[PDB]
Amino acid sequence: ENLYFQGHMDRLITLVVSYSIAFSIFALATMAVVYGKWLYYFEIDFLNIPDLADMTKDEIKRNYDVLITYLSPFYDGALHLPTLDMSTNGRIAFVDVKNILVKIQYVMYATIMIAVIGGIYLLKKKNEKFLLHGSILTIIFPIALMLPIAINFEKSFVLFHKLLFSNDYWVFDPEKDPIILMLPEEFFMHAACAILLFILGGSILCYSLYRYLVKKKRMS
């Protein structure tokens, strides 16, 4: 009567743990790309942002450095671009973007702890499937968040937008928020591609860890 209860828990724990790694890797990849400077630096020359924005390369890079420094959850000050103006609707939008990254990070630290605490409880029990269930669940998670796009393309992006932001009938107007000119749509598309690229690598390493383990367990 008891080992029927115990098996019902380790399958629940494997679920809670598997989902926790799926999200942990999603967050970790997101933060690697958002706070990463290699990709955007590459896009300055690739997308010819100096001529898009009528700004020098050094201009563009130091404004970007200040923005990424602002988006740290540990920078308590307001956003003060070195050479660019900014509407109050602009400042609001960047507080929205910053709020997500703090929300994501706080949940990430939560899933990281549950994933390894619950993960070692399972490994102490000679059980490895959370490393395999997780591995495939990390591939599935980031785009289950994209699933609404398949149902309706323009309308789904109206809820993604309003889930994030605090002003509905705003604008991208370069005369009032000229940092738009150095943040073209292609940059965000490539960045998201880097986010999943990182997630894909993440799924592999923890699938490798599943196979390295269970092959040394069956060896005995």
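Sequential numbering from 1, following the sequence displayed.
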{"item": "149 to 157 set against 63 to 71, stretch whose average Cα temperature factor tops the other in the entry", "value": "149 to 157"}
{"item": "Mean Cα B-factor comparison, 120 to 128 or 78 to 86, giving the higher one as deposited", "value": "120 to 128"}
{"item": "Selection by C-alpha B-factor (highest) of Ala191, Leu164, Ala53, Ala32", "value": "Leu164"}
{"item": "Criterion, highest CA B-factor; candidates, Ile13, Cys206, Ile25, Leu200", "value": "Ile13"}
{"item": "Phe187 - which third its CA temperature factor falls in, relative to the rest of the chain", "value": "lowest"}
{"item": "Among modelled residues of the same chain, the CA temperature factor third for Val171", "value": "highest"}
